[PDB]
Amino acid sequence: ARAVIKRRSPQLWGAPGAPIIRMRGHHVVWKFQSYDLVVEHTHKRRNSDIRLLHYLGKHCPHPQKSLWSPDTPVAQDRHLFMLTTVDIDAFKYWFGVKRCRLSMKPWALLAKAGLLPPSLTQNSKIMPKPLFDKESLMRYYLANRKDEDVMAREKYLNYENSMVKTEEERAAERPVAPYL
Amino acid sequence: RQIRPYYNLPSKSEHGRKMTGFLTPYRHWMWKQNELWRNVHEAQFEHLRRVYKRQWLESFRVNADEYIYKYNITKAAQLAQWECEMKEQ
Amino acid sequence: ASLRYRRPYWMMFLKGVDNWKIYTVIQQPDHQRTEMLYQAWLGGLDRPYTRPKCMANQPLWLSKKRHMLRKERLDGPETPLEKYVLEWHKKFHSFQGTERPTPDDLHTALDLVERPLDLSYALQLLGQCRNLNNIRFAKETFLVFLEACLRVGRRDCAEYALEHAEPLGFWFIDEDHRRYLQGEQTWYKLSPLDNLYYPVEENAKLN
Amino acid sequence: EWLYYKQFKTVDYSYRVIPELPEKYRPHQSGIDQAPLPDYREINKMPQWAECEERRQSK
Amino acid sequence: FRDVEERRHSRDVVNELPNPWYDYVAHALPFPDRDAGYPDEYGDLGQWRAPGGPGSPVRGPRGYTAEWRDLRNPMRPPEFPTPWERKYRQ
Amino acid sequence: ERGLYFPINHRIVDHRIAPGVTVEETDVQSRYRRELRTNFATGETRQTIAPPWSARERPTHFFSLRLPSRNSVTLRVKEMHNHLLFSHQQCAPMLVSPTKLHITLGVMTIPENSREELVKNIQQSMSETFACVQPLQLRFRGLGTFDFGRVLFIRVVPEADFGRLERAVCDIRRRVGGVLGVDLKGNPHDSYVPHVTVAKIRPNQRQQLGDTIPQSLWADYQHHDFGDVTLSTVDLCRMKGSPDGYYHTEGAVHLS
Amino acid sequence: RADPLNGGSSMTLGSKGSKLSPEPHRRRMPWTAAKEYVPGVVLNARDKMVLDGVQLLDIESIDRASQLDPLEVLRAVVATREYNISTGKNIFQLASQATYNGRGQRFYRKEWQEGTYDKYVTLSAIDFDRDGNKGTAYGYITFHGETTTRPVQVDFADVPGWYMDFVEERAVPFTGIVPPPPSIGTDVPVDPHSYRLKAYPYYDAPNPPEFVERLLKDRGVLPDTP
Amino acid sequence: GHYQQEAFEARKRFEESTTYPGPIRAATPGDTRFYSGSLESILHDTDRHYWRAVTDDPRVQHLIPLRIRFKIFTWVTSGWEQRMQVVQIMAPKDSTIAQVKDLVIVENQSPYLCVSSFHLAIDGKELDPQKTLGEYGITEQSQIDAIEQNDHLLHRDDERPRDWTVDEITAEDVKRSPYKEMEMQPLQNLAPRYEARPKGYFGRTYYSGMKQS
Amino acid sequence: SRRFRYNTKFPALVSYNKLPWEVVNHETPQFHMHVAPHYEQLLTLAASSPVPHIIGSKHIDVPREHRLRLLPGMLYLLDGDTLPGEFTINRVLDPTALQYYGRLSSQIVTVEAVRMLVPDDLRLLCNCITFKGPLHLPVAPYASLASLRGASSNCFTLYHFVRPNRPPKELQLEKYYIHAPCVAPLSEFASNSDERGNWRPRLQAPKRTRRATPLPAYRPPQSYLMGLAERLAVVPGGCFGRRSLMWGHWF
RNA sequence: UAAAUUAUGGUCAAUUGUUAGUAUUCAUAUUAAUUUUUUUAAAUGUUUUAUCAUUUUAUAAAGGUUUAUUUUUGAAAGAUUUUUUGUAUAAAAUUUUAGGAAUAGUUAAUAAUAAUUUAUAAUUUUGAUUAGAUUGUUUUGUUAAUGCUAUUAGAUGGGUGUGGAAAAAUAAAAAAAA
Ligand SMILES: [Mg+2]
Ligand SMILES: [Mg+2]
Ligand SMILES: [Mg+2]
Ligand SMILES: [Mg+2]
Ligand SMILES: [Mg+2]
Ligand SMILES: [Mg+2]
């Protein structure tokens, strides 16, 4: 909605837009370069701190030898290490409750961590993208579909309330003799 | 961006853009397929969205009411302390 | 890519207007006397004049007055037909006309032909009744047109109307009218009152 | 496409059409006078084909 | 896709193992649960002070009471004759 | 150009209109500072308000401090009448004669059957309440309105012995309305606003006079100072206007 | 907002759609409402090479020296007519030819009858402006054997994409009133032999094999040799 | 709706109470003119700018804030628009509809409204200038329109004002009425510069309740 | 988009961004556009259950004085054709107007005539619609219209009074959307009907040995298309339905 | 007005100039800097769209401000079948010049008033207004240390007023609806 658009760094919608989790670091020689996982708005200003919701972490893209742990004859442990600090309470808050967006590189990271499934942009160019036809899918679905109530209860436990009360803690929480 | 291929409906105009997005039926079918695949991705994605939402809410319940436990005890203590200091006063 | 933020809000959905930036700066005094001069250049007014505040287009009344003060051509009408064509442009080409011609007005128009010049005129009227105005004809329309192409002694246009009648939009041609142009029937029509065949030279066999 | 838009002074290359404002944007200030009034009798002289068809009308 | 995946996921035994990252949110509250090493009312660093002292939040407060009975004279032989070492009771 | 671009007194949101209405559908225009014009400016005063059942019945008797002879008050009210009548003589029926001027300490409804028990009992309780109170010097300045500008009165300033009045009144209030149940037009746990009623519009009058006393009359006397008076005499009065030429007096108490 | 694509799922900006909702996203701009539009540029765009070697006149050139052979005028008219149908036929070009200005006839656009898309418009009435080829056209929309309750202005009546089929049964005189055609579920009892439903709310079409061949020959599953 | 009859009935039962002492005005606060925020907000008279948890006794409303609707012709650059302007009075409970007309005439600050005689009406039915609001069941929520003399002539081109877009404005009428005030001929700062909405704002068909396409 | 809270931006007096107030002109076709689909609903009601003021015996008569505080909004039905007194008569022959009465004339009583009646003083209106023949709906015995000779002499008229140039509110049609059941289909099983013995139940679904005939093979459309109607937020036809279900749009 | 112990606890304050009778923080010292060196930046064409239009894309030009800069969700986030709410624009503190005097579309009440409403008005020696210099309240250097000595940059009026918000006329390094 700017009369003469700022041409180089366009976005979608008005700024500040919905918060997006980005990786960003000042540019330098490749030997020292680190990145910041940051929840911030869609439209950045000159200094990235002006719109910054939260600071999620440091990520160093240099494979490192592990000198912190003792040298271990185990094969896998002596592959190089890649270090990252995730703040996952803030991540689950922002992503889950506040409904963030995600750039692709942080997505790859958080996929490695086990917080998210691997991204849309991670492609083994070995396999193609799948085909689809509705009648075959339908045969498979009629073949396997679970009961309605089972499914409803699964959606209940995953989305709505998890912690529930067994009859036991009811019986243990209900008042005894003098006020019963 | 929205990809505009060369076999999209060419607009013959000198007063404007050379190519209008209008699709060969093939392109439409194709687009539908690709987009089905990414639907497969975003299903799990938003599933995880609301899952983490209830996770965070639940942890908030438990820790926050533990907090209210400890805190209320604290302010009850302070208040007792004060009314005592005022009896002394 | 919309001009929303480039020009004043009232200019939205502005199309066809020549160099619209003009009407942005018209408030400034020099642009304004420029426009006084321009309106005087267009003429049709008594007084120094300028179009109102935010208007890019000229006012409806003004351009209407420009249109009605514009002198029509053909200052010499001789044939009744030319008179009627001037009246035709008066009625149906009037600025922002609601009204539209009728097949009867075209018959009337087409019956006044004498010289081939008038055939050209009536035929261009017909051209406007098909293409410009989109008016369905009647059966007797080709009758009229045909006898009209006979009056001037040019039968080329009649058979040229036959070989393709779909673009010209004659939706009914009685088969005998076809024969007359294809040469099969010496005569196109018989006048019941006359009990003779038309035209008269073919009727020379009837005698 | 881009070559076509390039002829416009659009500052951001935004695919909008923005015209210019010449010092003389209207006929009267470009020196042009009023459009010359048509001689009416001269254009009402019947054309050649009409005269030829009058010649074969009298025949 | 979801169904095939749930299937081969439930089929493997290395799953059904709690994943600390996937399962919960340790702490949802913006403030910490206990005080860690932040400067004090005097401006002194975390390393210079131990929490729980005089800066901490206050703890607050005819016949005989129930605390009268539990008490007993050291002159009378106690409840269960636990063999205390003399040196220690000294 | 001679002030703020948007004068601060003109910035007003009406929350008693639905949300979204003023943005799109229509705009609402009103002169909003007639309503916002305050209780000091209008001269209104909030009297103890009656419960509906009590509001139904006419009041019969009232407590009054009787103004002595030779008052600053009576004199200045006479001066005020002169001025008002010279300005607008349509006031003439509104005005209360200087003969009837008295301080109204509270109003009450007594039913006609229990009449004597109530007057004797009241009179007695009254005499006990005021036993210890010596005379009261009170200050009068300012005007105010009761009952939507129908009643126009002289305020009693809380700058003086007024304090004592307030306890005194609140005692009879807790006896007359608390002890023996009597209809005081308000709650007995609430204090009445003492006043000297100057102009009044009765129900019958209201048709020819109008529904409210125009503020243009008394605007200038609104803050006028009527002076100080010492008061030794408390009455319980029934309201009859022809018996003695002064409100008919059922009981009396002397402050000394 | 009112009707999102796939609920809110934000994992990509493209995941939302090209418009967030059918409803206009700013309230101050109503025309942003989601329609079904048409390629106006191509479908206006009439062929000017049809007017080659013609010698048209203008409206206000009435001059004696100006106009031409009646033969030249006739081929001019035919050239102009061919110039106006040169893309497709506009409603008002179809309606003037039909009886009663084509009241009652069913006007379908080309793309409405192909694929699982089935839709047409029964004409309620017509206003010809002085210029034909333009105007206003009102009618009932019938989509998959389900019809509108009241008439509506037909959108894109001016764009030349329209076909129809003249039937004497459907003709209505200007005196009477064009009835809305019955919605096949309600007014007329549903019959299989009379009308079969092309597609229904949860249906969609099977894969045409040439598209499949092409997409695999694209993604590089099925080989393609130069 | 439900509120109206719930509170009406509540008031009506409150009035039939044989035993009530009456409220204590030290326990029944007024409202504040002093609260945070720059804007001055006018509220319901049952409501306060502070937090009051307790429900106060139902009171009869002696000043009823009537709303009276008018039609204005607003000049926007493209041409005239017909839109709605509400005038809001505070009319005493027992007031007569004549008096409501009078209060409404005094309260309007726009030069374009009250020029001729107007009649108050509810859902198109005229009101007696003679009788009370009580009889017609007029409340704040009630919808009151107002109808001018020439308003039933507005379907013509005469009474409806003429926009300089399509109509001659002459030295006759340049000196008279909203035209004169408007200053049609553009000035450097552009004169009073009115709101503008473009021609293609609603599409080819203007604004409607019913979707026409 | 939601409606914003309040306008503090622009002066109220000037009123600035305001949706125009819609007003119904009686000279145009647009009038009937508004009024027609109401009438049909109204008549439908009259066919099922009684509504009080719908049916008058004779033309209402009022003084000049009380004319405009009584009439406006009034809607009543009469048996014959008699046109209200002191009303100039306008025939509605223009086809665009007639057009909106289509549904009402096909699926309810045939419309014989329409009339716009304007008072001499010009400030009042009467829309008069003359129906011919019996209802194409079934008429209940206890229903209002059962008291009328024109239904169930075959012509009868609807009369609707209104002020000109008013919003399409204060023509009062919206009170009539009370919905009563047509009891015609169950009239078969009442103890009153002698065809109730000709009825036989189907309790169990019949054994079926054949599947439904398969739809004709799908031809992919050959022309250019505007793209996914999903992503363009176009409801399935540009007609009705939800944008999530893309059924019946091309593919 | 009494000592204390169940013993180093609660996590490091520590100062370096070779001068010249004496009095006074003053040349030559260390650390930090400028003098001083091309191992971190970068090139133009933003992009869709329904076609002469309409949707998306909101704070690095200058001017010199010390009682000074303050704000919403109606955009997006954003999830339902439609009417949906209320909260905001206001303030308080901290404010420089060696030698010091008056400032002014002007205060407060009224009100959608007043280029002539009403009034004994408002700012200032507890330092004003003009005028100089100057980019304001987590950033540096020295030091054992209350100090001294730095901290960029970025909000410059209105005039058809679009937009949720003016932040709207080169100068990115923000992926901008497959
Ligand atoms: Mg939203
Ligand atoms: Mg700047
Ligand atoms: Mg300065
Ligand atoms: Mg300050
Ligand atoms: Mg401030
Ligand atoms: Mg400027």
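Structure determination for this PDB entry was carried out by cryo-EM, with a resolution of 3.27 Å recorded in the header.

The name given to chain G in the PDB entry is mS34, with Trypanosoma brucei brucei as the source organism. As deposited in the PDB, this entry carries the title "Cryo-EM structure of the Trypanosoma brucei mitochondrial ribosome - This entry contains the body of the small mitoribosomal subunit in complex with mt-IF-3".

The name the PDB entry gives chain B is mS26, with Trypanosoma brucei brucei as the organism.

A. Focus on the overall build of chain B. A tally of regular secondary structure across chain B gives one helix and zero strands. In terms of overall dimensions, chain B has a C-alpha envelope of 95 × 35 × 10 Å along the principal axes. Of the accessible surface of chain B, which amounts to about 5,700 Å², a share of 57% is contributed by carbon and sulfur atoms. For chain B, the distance from the average site of its 16 positive side-chain charges to the average site of its 10 negative ones is 19 Å.

B. Broad picture of the nonpolar core. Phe63, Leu65, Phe130, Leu138 and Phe140 of chain F are the most contacted members of the largest nonpolar core, which has 53 residues in total. For this core, the element with the most residues is helix 6 (residues 162-177) of chain F, which contributes six residues. Ignoring any residue separated from it by four or fewer positions in sequence, one finds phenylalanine 130 of chain F in contact with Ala168, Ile172, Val234, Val253 and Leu255 of chain F. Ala109, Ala122 and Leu123 of chain C together with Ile62 of chain G belong to the second-largest nonpolar core, a separate cluster that totals 45 residues.

C. Examining the protein's contact with RNA strand J more closely. In the neighbourhood of RNA strand J, 137 residues make up the surrounding shell, with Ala1 and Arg4 of chain C, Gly17 of chain G together with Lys9 and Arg242 of chain I lying closest. Taking the atoms of RNA strand J that fall within 4 Å of the protein, sugar and phosphate contribute 54% of them. Contact distances for RNA strand J include 2.9 Å between a phosphate oxygen and a side-chain N or O atom of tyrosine 13 of chain D. Contact between RNA strand J and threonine 77 of chain H: a base nitrogen at 3.2 Å from a side-chain N or O atom of the residue. Contributions of two or more residues to the surface near RNA strand J are made by strand 1 (20-24) of chain A, helix 1 (25-88) of chain B, strand 2 (27-29) of chain F together with helix 1 (40-44) of chain G.

D. Representation of the interface of chain G and chain I in the model. Residue-level contacts link 58 residues of chain G with 46 residues of chain I. Across the chain G to chain I interface the summed buried area is about 4,400 Å²; carbon plus sulfur atoms make up 59%. Counting the surface chain G buries against chain I, the share from its top three residues, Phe143, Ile177 and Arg196 of chain G, is 14%. The interface formed by chain G and chain I includes one salt bridge.

E. Highlighting a nonpolar patch on the surface. On the surface, a cluster of nonpolar side chains totalling about 380 Å² of accessible area is made up of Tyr67, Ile68 and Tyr71 of chain B together with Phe31 of chain E. Counting through the fold element by element, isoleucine 68 of chain B comes out in helix 1.

F. Summary view of the interface of chain D and chain G. If you look at the interface, chain D gives seven residues, while chain G gives seven residues. Both sides together, the interface formed by chain D and chain G hides about 630 Å², and carbon and sulfur atoms give 53% of it. On the chain D side of the interface with chain G, the three residues burying the most area are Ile43, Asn44 and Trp49 of chain D, jointly 70% of the side's total. Inspection of the chain D/chain G interface yields zero salt bridges. Counting every contact that joins chain D to chain G gives four residue pairs in polar contact. In the side of chain D that touches chain G, the residues fall into four nonpolar, one polar and two charged.

G. Looking closely at the packing of helix 6 (residues 116-132) of chain C against helix 2 (residues 70-84) of chain G. Axis separation between helix 6 of chain C and helix 2 of chain G bottoms out at 9 Å; the angle between their running directions is 10°. Judged by the angle between their axes, helix 6 of chain C and helix 2 of chain G are roughly parallel. Contacts between helix 6 of chain C and helix 2 of chain G involve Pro116, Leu119, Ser120, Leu123, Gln124, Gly127, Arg130 and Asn131 of chain C from the former and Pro70, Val73, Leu74, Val77, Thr80, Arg81 and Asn84 of chain G from the latter. Tallied by class, the residues present in the contact of helix 6 of chain C with helix 2 of chain G amount to seven nonpolar, six polar and two charged.

H. Local environment of the sheet that holds strand 4 (residues 101-102) of chain A. All names here are of chain A. Strands sit in the order 3-2-1-4 across an open sheet of four strands; the sheet is mixed. The sheet is open, and its two borders are formed by strand 3 (54-59) and strand 4, each paired with just one other strand. Here strand 1 pairs with strand 4 via two bridges, running parallel. Across the sheet, residue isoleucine 20 finds its bridge partner in strand 4, namely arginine 101. Along the sheet, helix 2 (residues 104-113) makes contact with strand 1, strand 2 (35-40), strand 3 and strand 4, crossing strand 1 at roughly 95°.

I. Spatial organisation of the environment of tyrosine 5 of chain F. With respect to the helices and strands, the residue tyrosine 5 of chain F is situated in the segment before strand 1 (12-14). For the pair formed by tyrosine 5 of chain F and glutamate 35 of chain F, sequence separation is 30 residues and the distance between their alpha carbons is 24 Å.

J. Quick peek at the sheet that holds strand 1 (residues 75-78) of chain I. Residues and elements named next belong to chain I. Judged by pairing direction, the sheet is antiparallel, and its five strands sit side by side in the order 1-5-4-3-2 without closing on themselves. Only two strands of the sheet have a single partner each, and these edge strands are strand 1 and strand 2 (87-91). Taking each pair of neighbouring strands and ignoring which way they run, the sheet shows an average axis angle of 25°.

K. Fine view of the environment of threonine 136 of chain G. Position of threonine 136 of chain G relative to the elements: it lies in strand 3 (residues 136-143). With relative accessibility at 25%, the residue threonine 136 of chain G sits in the partly exposed group.

The rules we used
- Residues numbered from 1 in each chain as written, not as in the entry; some residues may be left out.
- Chains lettered and ligands numbered in written order.
- Part of a larger assembly, values for the part shown.
- Heavy atoms only, no water.
- Helix = DSSP H or I, 4+ residues; strand = E, 2+ residues; numbered from the N terminus.
- Areas by Shrake-Rupley, 256 points an atom, 1.4 Å probe, with all protein chains shown as cover.
- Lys, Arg positive; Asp, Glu negative; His and termini not counted.
- Charge placed at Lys NZ, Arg CZ, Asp CG, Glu CD.
- Core = buried A, V, L, I, M, F, W, Y, C linked by side-chain atoms within 4.5 Å.
- Buried < 20%, exposed > 50% of the residue type's maximum accessible area, 1.4 Å probe, protein only.
- Contact = heavy atoms within 4.5 Å.
- Near = heavy atom within 4 Å.
- Polar contact = N/O pair within 3.5 Å; in protein donor to acceptor, adjacent residues only side chain to side chain.
- Buried area = accessible area lost by both parts, 1.4 Å probe.
- Salt bridge = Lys/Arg side-chain N within 4 Å of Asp/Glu carboxyl O.
- Patch = residues over 30% accessible without salt bridge, like charges linked within 9 Å, V, L, I, M, F, W, Y side chains within 5 Å.
- Nonpolar A, V, L, I, M, F, W, Y, C, P; charged D, E, K, R; others polar.
- Axes fitted to C-alpha atoms, helices over the stretch in contact; angles between N-to-C directions.
- Parallel < 35°, antiparallel > 145°, perpendicular 65-115°, else oblique.
- Pairing = 2+ DSSP bridges.

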